[PDB]
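Participant: The structure is given below, and queries will be raised subsequently.
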2 protein chains.
Amino acid sequence: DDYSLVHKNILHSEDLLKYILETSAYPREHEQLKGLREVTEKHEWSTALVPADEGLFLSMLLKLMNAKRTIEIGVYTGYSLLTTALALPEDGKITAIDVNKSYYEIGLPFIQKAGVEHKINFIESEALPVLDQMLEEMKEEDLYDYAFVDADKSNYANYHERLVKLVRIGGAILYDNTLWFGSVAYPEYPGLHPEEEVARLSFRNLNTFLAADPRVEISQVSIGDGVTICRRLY
Amino acid sequence: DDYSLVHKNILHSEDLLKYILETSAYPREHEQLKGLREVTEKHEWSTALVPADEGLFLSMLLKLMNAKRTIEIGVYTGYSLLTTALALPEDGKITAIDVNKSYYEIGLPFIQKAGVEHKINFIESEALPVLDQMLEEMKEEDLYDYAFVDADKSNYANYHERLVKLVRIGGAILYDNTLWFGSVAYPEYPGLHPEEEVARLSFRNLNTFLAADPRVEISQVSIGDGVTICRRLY
Ligand SMILES: Nc1ncnc2c1ncn2[C@@H]1O[C@H](CSCC[C@H](N)C(=O)O)[C@@H](O)[C@H]1O
Ligand SMILES: Nc1ncnc2c1ncn2[C@@H]1O[C@H](CSCC[C@H](N)C(=O)O)[C@@H](O)[C@H]1O
Ligand SMILES: Oc1ccc(CCNCc2ccc(O)c(O)c2)cc1
Ligand SMILES: [Mg+2]
Ligand SMILES: [Mg+2]
């Protein structure tokens with residue numbers, strides 16, 4: 001491993017995190033989500049995997065807002081993507097974007113056996129070109145209800161400017177890792193990989209920008225590695 | 001000096017929580033919410049106050065699900081109540097319940113100055129008798145969209161049995177403090193005040209029960225002191 005923060009928790013002990021997962025997450029986790037998580041935990045990049053308790057939170061948000069059309073930026077093996085597909089109705093639709101389809105192929109068998117692959121349109125590409133072509137093509141009747149952003153960390157602010165125009169008014173945009181293992185809380189943080197430090201500063205700037213952005217109402221939630229929920233106002 | 005958990009938090013550092021509050025919560029806090037909070041912080045029971053980052057999270061949930069009729073169990077000085085009243089549409093209605101209206105009159109001037117007191121029907125009573133009386137008069141078209149539970153901790157299970165019938169299908173029930181300062185993570189916990197130990201054992205039982213309850217979907221969110229979101233399935 002080259003990164004420095006992968007094992008740091010934002011809760012005060014591993015025992016508390018394990019209590020949550022063992023008591024409230026794992027018993028509610030779909031069988032195909034469990035299988036996808038177990039394979040992914042063996043992968044070299046398992047650090048980026050969305051945790052099980054955050055997954056149930058994302059699923060709860062989708063259902064309470066009755067989302068039907070979503071976009072997912074940053075798929076990896078597809079844990080949050082499968083979570084989103086399982087939450088949506090039978091005729092829901094998802095646009096999933098990732099640069100590395102081979103990651104998606106790892107979790108695709110579990111997605112298929114869950115019987116929800118028909119809801120997914122997977123696009124193997126960088127997100128910004130796809131988002132720009134979406135804005136050139138999108139009609140007002142096609143705007144998304146929900147957007148989950150979990151890709152290139154230093155590019156969140158760029159995704160934001162596109163997504164505030166691609167989600168409906170009252171729709172939700174969620175940014176993953178906005179607390180970045182807790183390292184955002186200080187002006188400086190020693191011992192980090194160079195691109196770990198770029199992400200840290202990018203999130204510090206992003207969090208300040210989102211709090212002042214009048215186009216949205218926000219809520220930063222200390223779940224997982226930190227999730228910031230945005231709701232488009234106009 | 002009499003209760004043991006009051007100086008504990010579930011995040012790994014006070015600095016991270018301060019970062020969240022200062023970066024994301026306080027800049028989005030209504031001026032009357034800021035006033036109610038700052039007078040409450042000088043009250044003897046200020047430890048029971050719903051924090052600012054959790055308050056914005058409740059506000060986000062209410063708007064994303066388009067809540068109109070809500071019920072609030074456990075008001076205290078009214079921070080979460082005022083948060084709810086400011087999040088609902090102008091025609092929103094709240095049933096607020098608390099055994100001690102003296103606490104409520106600490107925050108009522110801020111609720112009035114915010115211009116939202118017209119949304120609130122306050123009932124000075126124990127919660128259970130009111131909920132039982134609601135079960136006899138409730139009409140199917142009068143079910144609540146949303147319920148925030150934050151009263152006597154040892155009675156949450158009794159509240160749940162009423163609320164899964166008073167909240168509409170697809171409505172939300174939120175239980176505050178379900179992580180109880182992290183103390184629920186161990187079967188035995190040392191040196192608590194007898195009432196803190198009763199609440200701890202009550203939350204351990206409630207968390208296990210809710211995870212197995214087929215009437216609801218759940219998400220335990222490690223925000224504040226832990227909030228368990230329930231969604232009624234039938
Ligand atoms: N510019 C870019 N455009 C689209 N995807 C990108 C990208 N840069 C990196 N990514 C992808 O973003 C992913 C981040 S890991 C995301 C984890 C996933 N949300 C889960 O539920 O586990 C990686 O798979 C990486 O391939
Ligand atoms: N049996 C009961 N029925 C109704 N309220 C009760 C109760 N037992 C205790 N309470 C009330 O529940 C409250 C818990 S403190 C609640 C904090 C409040 N939700 C906030 O936003 O800050 C106390 O005010 C207490 O008076
Ligand atoms: O009967 C009790 C139970 C617990 C205590 C100590 C904890 N203080 C209460 C508290 C703390 C945080 C909250 O969010 C809340 O609703 C309430 C004291 C008397
Ligand atoms: Mg992530
Ligand atoms: Mg509470």
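Residues are named by chain letter and number: chains run A, B, ... in the order of the structure tokens, numbers start at 1 in each chain, and ligands are numbered from 1 in the order shown.
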Could you give me, as JSON lines, a per-residue list for chain A showing, wherever an atom lies at most 6 Å from an atom of ligand 4, the closest pair of atoms and their distance in Å to one decimal, using only C-alpha atoms and all ligand atoms and sorting by chain then residue number from low to high?

Facilitator:
```
{"residue": "A:48", "atom": "CA", "partner": "ligand 4", "partner_atom_place_in_ligand_line": "1 (Mg)", "distance": 5.3}
{"residue": "A:50", "atom": "CA", "partner": "ligand 4", "partner_atom_place_in_ligand_line": "1 (Mg)", "distance": 5.7}
{"residue": "A:150", "atom": "CA", "partner": "ligand 4", "partner_atom_place_in_ligand_line": "1 (Mg)", "distance": 4.9}
{"residue": "A:176", "atom": "CA", "partner": "ligand 4", "partner_atom_place_in_ligand_line": "1 (Mg)", "distance": 4.8}
{"residue": "A:177", "atom": "CA", "partner": "ligand 4", "partner_atom_place_in_ligand_line": "1 (Mg)", "distance": 5.2}
```

Participant: Would you export the selected residues with N, CA, C and O atoms as a PDB file, in the first residue's frame, please?

Facilitator:
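Contents of selection_36.pdb, as written:
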```
ATOM      1  N   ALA A  48     -11.467   1.902  -1.227  1.00  0.00           N
ATOM      2  CA  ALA A  48     -12.459   2.816  -1.781  1.00  0.00           C
ATOM      3  C   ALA A  48     -13.878   2.268  -1.708  1.00  0.00           C
ATOM      4  O   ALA A  48     -14.818   2.986  -2.065  1.00  0.00           O
ATOM      5  N   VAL A  50     -17.507   1.425  -0.759  1.00  0.00           N
ATOM      6  CA  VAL A  50     -18.522   2.058   0.093  1.00  0.00           C
ATOM      7  C   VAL A  50     -18.915   1.090   1.204  1.00  0.00           C
ATOM      8  O   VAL A  50     -19.280  -0.063   0.915  1.00  0.00           O
ATOM      9  N   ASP A 150     -18.611   9.693  -6.535  1.00  0.00           N
ATOM     10  CA  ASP A 150     -17.621   8.925  -5.794  1.00  0.00           C
ATOM     11  C   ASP A 150     -16.458   8.545  -6.704  1.00  0.00           C
ATOM     12  O   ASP A 150     -15.988   7.408  -6.664  1.00  0.00           O
ATOM     13  N   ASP A 176     -19.309  11.673  -1.880  1.00  0.00           N
ATOM     14  CA  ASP A 176     -18.696  10.727  -0.964  1.00  0.00           C
ATOM     15  C   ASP A 176     -17.322  11.223  -0.522  1.00  0.00           C
ATOM     16  O   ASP A 176     -16.654  11.969  -1.242  1.00  0.00           O
ATOM     17  N   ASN A 177     -16.917  10.813   0.686  1.00  0.00           N
ATOM     18  CA  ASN A 177     -15.583  11.049   1.250  1.00  0.00           C
ATOM     19  C   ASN A 177     -15.316  12.509   1.609  1.00  0.00           C
ATOM     20  O   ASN A 177     -14.154  12.922   1.661  1.00  0.00           O
TER      21      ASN A 177
END
```

Participant: Could you give me, as a Markdown table, a per-residue list for chain A showing, wherever an atom lies at most 9 Å from an atom of chain B, the closest pair of atoms and their distance in Å to one decimal, using only C-alpha atoms and sorting by chain then residue number from low to high?

Facilitator:
```
| residue | atom | partner | partner_atom | distance |
| --- | --- | --- | --- | --- |
| A:9 | CA | B:12 | CA | 7.3 |
| A:10 | CA | B:12 | CA | 5.3 |
| A:11 | CA | B:11 | CA | 4.2 |
| A:12 | CA | B:12 | CA | 3.7 |
| A:13 | CA | B:12 | CA | 7.2 |
| A:15 | CA | B:185 | CA | 6.4 |
| A:16 | CA | B:185 | CA | 5.4 |
| A:17 | CA | B:185 | CA | 8.6 |
| A:18 | CA | B:185 | CA | 8.2 |
| A:19 | CA | B:185 | CA | 5.4 |
| A:20 | CA | B:220 | CA | 7.3 |
| A:23 | CA | B:208 | CA | 6.3 |
| A:24 | CA | B:211 | CA | 5.5 |
| A:25 | CA | B:219 | CA | 7.5 |
| A:27 | CA | B:211 | CA | 6.8 |
| A:28 | CA | B:211 | CA | 7.0 |
| A:53 | CA | B:220 | CA | 7.2 |
| A:54 | CA | B:221 | CA | 7.8 |
| A:55 | CA | B:219 | CA | 8.8 |
| A:56 | CA | B:219 | CA | 5.5 |
| A:57 | CA | B:219 | CA | 5.4 |
| A:58 | CA | B:219 | CA | 8.9 |
| A:59 | CA | B:219 | CA | 8.6 |
| A:60 | CA | B:219 | CA | 6.7 |
| A:61 | CA | B:61 | CA | 7.8 |
| A:63 | CA | B:170 | CA | 8.1 |
| A:64 | CA | B:65 | CA | 5.3 |
| A:65 | CA | B:65 | CA | 4.6 |
| A:66 | CA | B:65 | CA | 7.7 |
| A:170 | CA | B:64 | CA | 7.0 |
| A:171 | CA | B:64 | CA | 7.6 |
| A:172 | CA | B:64 | CA | 7.7 |
| A:179 | CA | B:16 | CA | 8.4 |
| A:182 | CA | B:16 | CA | 6.2 |
| A:183 | CA | B:16 | CA | 8.3 |
| A:184 | CA | B:16 | CA | 8.0 |
| A:185 | CA | B:16 | CA | 5.2 |
| A:186 | CA | B:15 | CA | 8.0 |
| A:207 | CA | B:23 | CA | 6.9 |
| A:208 | CA | B:23 | CA | 6.2 |
| A:210 | CA | B:24 | CA | 8.1 |
| A:211 | CA | B:24 | CA | 5.5 |
| A:212 | CA | B:27 | CA | 7.7 |
| A:217 | CA | B:60 | CA | 7.9 |
| A:218 | CA | B:60 | CA | 7.4 |
| A:219 | CA | B:57 | CA | 5.5 |
| A:220 | CA | B:24 | CA | 6.4 |
| A:221 | CA | B:223 | CA | 6.3 |
| A:222 | CA | B:223 | CA | 5.5 |
| A:223 | CA | B:222 | CA | 5.5 |
| A:224 | CA | B:222 | CA | 8.4 |
| A:229 | CA | B:60 | CA | 8.0 |
| A:230 | CA | B:60 | CA | 8.5 |
| A:231 | CA | B:64 | CA | 7.7 |
```

Participant: Can those selected residues be exported to a file as a compact mmCIF listing (two decimals), in the first residue's frame so that it contains N, CA and C atoms?

Facilitator:
```txt
# COMPACT_ATOMS: atom_id res chain seq x y z
N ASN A 9 -10.33 5.51 10.98
CA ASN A 9 -11.76 5.64 11.18
C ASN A 9 -12.12 7.05 11.61
N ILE A 10 -13.35 7.47 11.31
CA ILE A 10 -13.87 8.73 11.84
C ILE A 10 -14.73 8.53 13.08
N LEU A 11 -15.06 7.29 13.44
CA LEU A 11 -15.66 7.00 14.73
C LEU A 11 -14.56 6.75 15.76
N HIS A 12 -14.93 6.82 17.04
CA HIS A 12 -13.90 6.86 18.07
C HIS A 12 -13.25 5.50 18.32
N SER A 13 -13.83 4.41 17.82
CA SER A 13 -13.21 3.10 17.98
C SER A 13 -13.70 2.16 16.89
N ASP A 15 -14.51 -0.81 17.60
CA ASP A 15 -15.60 -1.54 18.24
C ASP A 15 -16.96 -0.91 17.96
N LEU A 16 -17.02 0.42 17.93
CA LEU A 16 -18.29 1.08 17.63
C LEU A 16 -18.69 0.84 16.18
N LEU A 17 -17.74 0.95 15.25
CA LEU A 17 -18.05 0.69 13.85
C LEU A 17 -18.50 -0.75 13.65
N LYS A 18 -17.80 -1.70 14.27
CA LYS A 18 -18.18 -3.10 14.13
C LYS A 18 -19.53 -3.38 14.76
N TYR A 19 -19.87 -2.69 15.85
CA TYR A 19 -21.20 -2.83 16.43
C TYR A 19 -22.27 -2.43 15.41
N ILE A 20 -22.10 -1.28 14.77
CA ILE A 20 -23.08 -0.79 13.80
C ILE A 20 -23.26 -1.79 12.67
N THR A 23 -24.75 -5.19 13.96
CA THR A 23 -26.10 -5.10 14.52
C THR A 23 -27.12 -4.60 13.50
N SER A 24 -26.76 -3.58 12.71
CA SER A 24 -27.73 -2.85 11.90
C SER A 24 -27.51 -2.95 10.40
N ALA A 25 -26.31 -3.28 9.93
CA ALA A 25 -26.02 -3.29 8.49
C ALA A 25 -26.05 -4.69 7.90
N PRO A 27 -27.16 -7.66 8.92
CA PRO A 27 -28.45 -8.37 8.89
C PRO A 27 -29.43 -7.81 7.86
N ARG A 28 -29.24 -6.58 7.39
CA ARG A 28 -30.13 -5.97 6.41
C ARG A 28 -29.53 -5.93 5.02
N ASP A 53 -22.85 0.17 6.17
CA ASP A 53 -23.78 1.05 6.87
C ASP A 53 -24.12 2.27 6.03
N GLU A 54 -23.13 2.82 5.33
CA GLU A 54 -23.41 3.92 4.40
C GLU A 54 -24.31 3.45 3.26
N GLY A 55 -24.15 2.20 2.83
CA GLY A 55 -24.99 1.69 1.75
C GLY A 55 -26.46 1.70 2.10
N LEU A 56 -26.80 1.23 3.30
CA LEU A 56 -28.19 1.28 3.75
C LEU A 56 -28.70 2.71 3.87
N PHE A 57 -27.82 3.65 4.22
CA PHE A 57 -28.20 5.06 4.27
C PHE A 57 -28.55 5.58 2.88
N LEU A 58 -27.71 5.27 1.88
CA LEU A 58 -28.00 5.67 0.51
C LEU A 58 -29.32 5.06 0.03
N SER A 59 -29.54 3.79 0.34
CA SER A 59 -30.78 3.12 -0.05
C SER A 59 -32.00 3.75 0.62
N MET A 60 -31.86 4.13 1.89
CA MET A 60 -32.97 4.77 2.60
C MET A 60 -33.31 6.13 1.99
N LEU A 61 -32.29 6.91 1.62
CA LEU A 61 -32.53 8.20 0.99
C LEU A 61 -33.28 8.04 -0.32
N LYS A 63 -35.32 5.66 -1.31
CA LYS A 63 -36.71 5.24 -1.16
C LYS A 63 -37.57 6.36 -0.57
N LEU A 64 -37.04 7.08 0.42
CA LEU A 64 -37.82 8.14 1.06
C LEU A 64 -38.14 9.27 0.08
N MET A 65 -37.27 9.51 -0.89
CA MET A 65 -37.52 10.53 -1.91
C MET A 65 -38.13 9.95 -3.17
N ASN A 66 -38.39 8.64 -3.20
CA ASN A 66 -39.04 7.97 -4.33
C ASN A 66 -38.31 8.28 -5.64
N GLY A 170 -35.23 20.16 -6.45
CA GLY A 170 -35.59 19.24 -5.40
C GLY A 170 -34.86 17.91 -5.46
N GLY A 171 -34.10 17.66 -6.51
CA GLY A 171 -33.28 16.46 -6.58
C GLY A 171 -32.06 16.56 -5.69
N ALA A 172 -31.42 15.41 -5.49
CA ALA A 172 -30.33 15.28 -4.52
C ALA A 172 -29.02 14.93 -5.22
N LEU A 179 -15.27 14.09 4.32
CA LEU A 179 -14.45 14.26 5.51
C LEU A 179 -13.04 13.71 5.34
N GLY A 182 -11.07 12.21 8.13
CA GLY A 182 -10.91 13.19 9.18
C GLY A 182 -9.82 14.20 8.96
N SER A 183 -8.98 14.02 7.93
CA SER A 183 -7.82 14.89 7.75
C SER A 183 -8.19 16.29 7.28
N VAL A 184 -9.44 16.50 6.84
CA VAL A 184 -9.87 17.82 6.40
C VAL A 184 -9.99 18.79 7.57
N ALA A 185 -10.05 18.29 8.80
CA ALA A 185 -10.33 19.12 9.96
C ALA A 185 -9.20 20.07 10.33
N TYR A 186 -8.01 19.90 9.74
CA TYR A 186 -6.87 20.74 10.09
C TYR A 186 -6.31 21.42 8.85
N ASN A 207 -15.90 21.70 0.59
CA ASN A 207 -16.83 21.85 1.71
C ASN A 207 -17.14 23.31 1.98
N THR A 208 -16.14 24.19 1.86
CA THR A 208 -16.39 25.62 2.02
C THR A 208 -17.26 26.15 0.88
N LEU A 210 -19.47 24.46 -1.03
CA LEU A 210 -20.84 23.94 -0.97
C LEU A 210 -21.65 24.64 0.11
N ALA A 211 -21.02 24.97 1.24
CA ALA A 211 -21.74 25.65 2.32
C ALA A 211 -22.18 27.05 1.90
N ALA A 212 -21.46 27.68 0.97
CA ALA A 212 -21.81 29.02 0.51
C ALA A 212 -22.61 29.02 -0.78
N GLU A 217 -29.27 23.54 -0.88
CA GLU A 217 -29.19 23.30 0.55
C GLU A 217 -28.35 22.05 0.78
N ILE A 218 -27.58 22.05 1.87
CA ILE A 218 -26.64 20.96 2.11
C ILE A 218 -26.84 20.34 3.48
N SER A 219 -26.28 19.14 3.63
CA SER A 219 -26.18 18.46 4.92
C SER A 219 -24.98 17.54 4.87
N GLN A 220 -23.97 17.82 5.69
CA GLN A 220 -22.79 16.96 5.79
C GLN A 220 -23.02 15.93 6.89
N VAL A 221 -22.95 14.65 6.53
CA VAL A 221 -23.30 13.55 7.43
C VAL A 221 -22.05 12.74 7.71
N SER A 222 -21.72 12.58 8.99
CA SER A 222 -20.53 11.85 9.43
C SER A 222 -20.78 10.34 9.42
N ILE A 223 -21.19 9.83 8.25
CA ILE A 223 -21.36 8.40 8.02
C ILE A 223 -20.34 7.94 6.99
N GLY A 224 -19.84 6.72 7.17
CA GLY A 224 -18.80 6.22 6.28
C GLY A 224 -17.54 7.06 6.42
N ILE A 229 -24.89 15.71 1.46
CA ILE A 229 -26.12 15.70 0.68
C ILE A 229 -26.42 17.12 0.23
N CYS A 230 -26.62 17.30 -1.07
CA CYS A 230 -27.04 18.57 -1.64
C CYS A 230 -28.44 18.41 -2.24
N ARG A 231 -29.26 19.44 -2.10
CA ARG A 231 -30.59 19.47 -2.68
C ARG A 231 -30.71 20.72 -3.53
```

Participant: Counting only C-alpha atoms and all ligand atoms, which residue out of B:95, B:125, B:112, B:70 sits closest to ligand 2?

Facilitator: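 Checking each of B:95, B:125, B:112, B:70 against ligand 2, counting only C-alpha atoms and all ligand atoms, the winner is B:125.
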
Participant: I'd like to know which residues of segment 12-158 of chain B are alpha helix (DSSP H) (by DSSP, run on the backbone); could you write them as a VMD selection string?

Facilitator: chain B and resid 14 to 20 31 to 40 52 to 64 79 to 87 101 to 113 127 to 137 156 to 158

Participant: Hey, which residues come within 10 Å of ligand 3 if we count only C-alpha atoms and all ligand atoms? Could you give them as a VMD selection string?

Facilitator: chain B and resid 2 to 7 45 to 51 74 to 76 149 to 154 175 to 178 180 to 181 192 to 200 224 to 227

Participant: Which residues are close to residue 85 of chain A, i.e. within 10 Å by only C-alpha atoms, leaving aside same-chain residues fewer than 2 positions away? Reply as JSON, numbers by chain.

Facilitator: {"A": [59, 62, 68, 70, 79, 80, 81, 82, 83, 87, 88, 89, 90, 92, 93, 94, 111, 114, 115, 116, 117, 118, 119, 120]}

Participant: Restrict the selected residues to N, CA, C and O atoms and save them as a short mmCIF file (atom, residue, chain, number, x, y, z; two decimals), in the first residue's frame.

Facilitator:
```cif
data_model
loop_
_atom_site.label_atom_id
_atom_site.label_comp_id
_atom_site.auth_asym_id
_atom_site.auth_seq_id
_atom_site.Cartn_x
_atom_site.Cartn_y
_atom_site.Cartn_z
N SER A 59 -29.54 3.79 0.34
CA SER A 59 -30.78 3.12 -0.05
C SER A 59 -32.00 3.75 0.62
O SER A 59 -33.06 3.89 0.00
N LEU A 62 -32.86 7.09 -1.15
CA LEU A 62 -33.51 6.85 -2.44
C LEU A 62 -34.99 6.55 -2.25
O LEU A 62 -35.85 7.12 -2.95
N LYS A 68 -36.50 7.69 -9.11
CA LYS A 68 -36.72 6.77 -10.22
C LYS A 68 -35.59 6.77 -11.24
O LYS A 68 -35.31 5.72 -11.83
N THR A 70 -31.51 7.88 -11.71
CA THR A 70 -30.32 8.28 -10.99
C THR A 70 -29.11 8.23 -11.90
O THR A 70 -29.13 7.64 -12.99
N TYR A 79 -20.76 -1.72 -5.54
CA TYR A 79 -21.52 -1.90 -4.30
C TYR A 79 -22.62 -0.86 -4.17
O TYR A 79 -23.79 -1.19 -3.93
N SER A 80 -22.27 0.43 -4.32
CA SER A 80 -23.29 1.47 -4.26
C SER A 80 -24.22 1.41 -5.47
O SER A 80 -25.40 1.76 -5.36
N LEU A 81 -23.70 0.97 -6.62
CA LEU A 81 -24.54 0.83 -7.80
C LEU A 81 -25.60 -0.25 -7.60
O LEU A 81 -26.78 -0.05 -7.90
N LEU A 82 -25.19 -1.41 -7.07
CA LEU A 82 -26.15 -2.46 -6.74
C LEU A 82 -27.13 -1.99 -5.66
O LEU A 82 -28.33 -2.28 -5.74
N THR A 83 -26.62 -1.27 -4.65
CA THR A 83 -27.49 -0.68 -3.64
C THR A 83 -28.56 0.20 -4.28
O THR A 83 -29.74 0.10 -3.94
N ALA A 87 -32.77 -0.49 -4.60
CA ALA A 87 -33.72 0.43 -3.98
C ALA A 87 -34.76 0.94 -4.97
O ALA A 87 -35.91 1.19 -4.57
N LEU A 88 -34.39 1.12 -6.23
CA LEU A 88 -35.29 1.70 -7.21
C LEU A 88 -36.45 0.76 -7.52
O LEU A 88 -36.36 -0.45 -7.30
N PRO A 89 -37.55 1.29 -8.04
CA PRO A 89 -38.65 0.42 -8.50
C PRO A 89 -38.21 -0.43 -9.69
O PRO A 89 -37.11 -0.30 -10.22
N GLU A 90 -39.11 -1.32 -10.10
CA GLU A 90 -38.80 -2.24 -11.19
C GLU A 90 -38.46 -1.50 -12.48
O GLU A 90 -37.64 -1.98 -13.27
N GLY A 92 -37.12 1.60 -12.64
CA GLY A 92 -36.11 2.62 -12.45
C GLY A 92 -34.96 2.48 -13.43
O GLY A 92 -34.75 1.42 -14.03
N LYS A 93 -34.20 3.56 -13.58
CA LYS A 93 -33.09 3.60 -14.53
C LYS A 93 -31.90 4.31 -13.89
O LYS A 93 -32.07 5.29 -13.16
N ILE A 94 -30.71 3.80 -14.18
CA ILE A 94 -29.46 4.33 -13.64
C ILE A 94 -28.47 4.51 -14.79
O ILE A 94 -28.33 3.63 -15.64
N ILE A 111 -24.72 -8.42 -9.52
CA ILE A 111 -25.78 -7.54 -10.01
C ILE A 111 -26.77 -8.32 -10.86
O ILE A 111 -27.99 -8.13 -10.76
N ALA A 114 -28.95 -10.62 -8.75
CA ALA A 114 -29.98 -9.83 -8.09
C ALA A 114 -31.11 -9.44 -9.04
O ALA A 114 -32.14 -8.95 -8.58
N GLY A 115 -30.93 -9.64 -10.34
CA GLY A 115 -31.99 -9.41 -11.31
C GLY A 115 -32.29 -7.96 -11.59
O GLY A 115 -33.43 -7.64 -11.96
N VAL A 116 -31.31 -7.07 -11.44
CA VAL A 116 -31.53 -5.64 -11.61
C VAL A 116 -30.58 -5.02 -12.63
O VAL A 116 -30.49 -3.80 -12.72
N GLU A 117 -29.89 -5.85 -13.42
CA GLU A 117 -28.96 -5.30 -14.41
C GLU A 117 -29.68 -4.51 -15.49
O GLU A 117 -29.11 -3.57 -16.05
N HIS A 118 -30.94 -4.87 -15.79
CA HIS A 118 -31.70 -4.16 -16.81
C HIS A 118 -31.89 -2.69 -16.48
O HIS A 118 -32.16 -1.90 -17.39
N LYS A 119 -31.76 -2.30 -15.21
CA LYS A 119 -31.92 -0.90 -14.82
C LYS A 119 -30.67 -0.07 -15.07
O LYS A 119 -30.73 1.16 -14.93
N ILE A 120 -29.55 -0.69 -15.43
CA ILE A 120 -28.24 -0.04 -15.43
C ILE A 120 -27.79 0.19 -16.87
O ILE A 120 -27.82 -0.73 -17.69
#
```

Participant: Quick one: everything within 12 Å of residue 139 of chain B, counting only C-alpha atoms, minus sequence neighbours fewer than 2 positions away in the same chain. Send it as an NGL selection string.

Facilitator: :B and (134-137 or 141-144 or 165-168)

Participant: From segment 22-159 of chain A, collect each residue whose DSSP state is strand (DSSP E or B) and return the set as JSON, numbers by chain.

Facilitator: {"A": [69, 70, 71, 72, 73, 93, 94, 95, 96, 97, 98, 120, 121, 122, 123, 124, 144, 145, 146, 147, 148, 149]}

Participant: Measure the distance from atom 8 (N, counted along the ligand's line) of ligand 2 to atom CA of residue 155 of chain B in Å and round it to one decimal.

Facilitator: 8.6 Å

Participant: Just want the 7 Å neighbourhood of residue 215 of chain B, counted on only C-alpha atoms, with same-chain residues fewer than 3 positions away dropped. Output as a PDB file with N, CA and C atoms, in the first residue's frame.

Facilitator:
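part17.pdb, written as the output of this step:
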```pdb
ATOM      1  N   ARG B 232     -41.581   2.603   7.035  1.00  0.00           N
ATOM      2  CA  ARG B 232     -42.638   1.612   7.196  1.00  0.00           C
ATOM      3  C   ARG B 232     -42.927   0.910   5.874  1.00  0.00           C
ATOM      4  N   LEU B 233     -42.911  -0.423   5.901  1.00  0.00           N
ATOM      5  CA  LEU B 233     -43.150  -1.221   4.704  1.00  0.00           C
ATOM      6  C   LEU B 233     -44.611  -1.616   4.531  1.00  0.00           C
ATOM      7  N   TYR B 234     -45.328  -1.860   5.624  1.00  0.00           N
ATOM      8  CA  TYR B 234     -46.754  -2.168   5.557  1.00  0.00           C
ATOM      9  C   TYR B 234     -47.426  -1.860   6.893  1.00  0.00           C
TER      10      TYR B 234
END
```

Participant: Could you please determine the separation between atom CA of residue 128 of chain B and atom CA of residue 160 of chain B in Å, to one decimal place?

Facilitator: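 The value is 10.3 Å.
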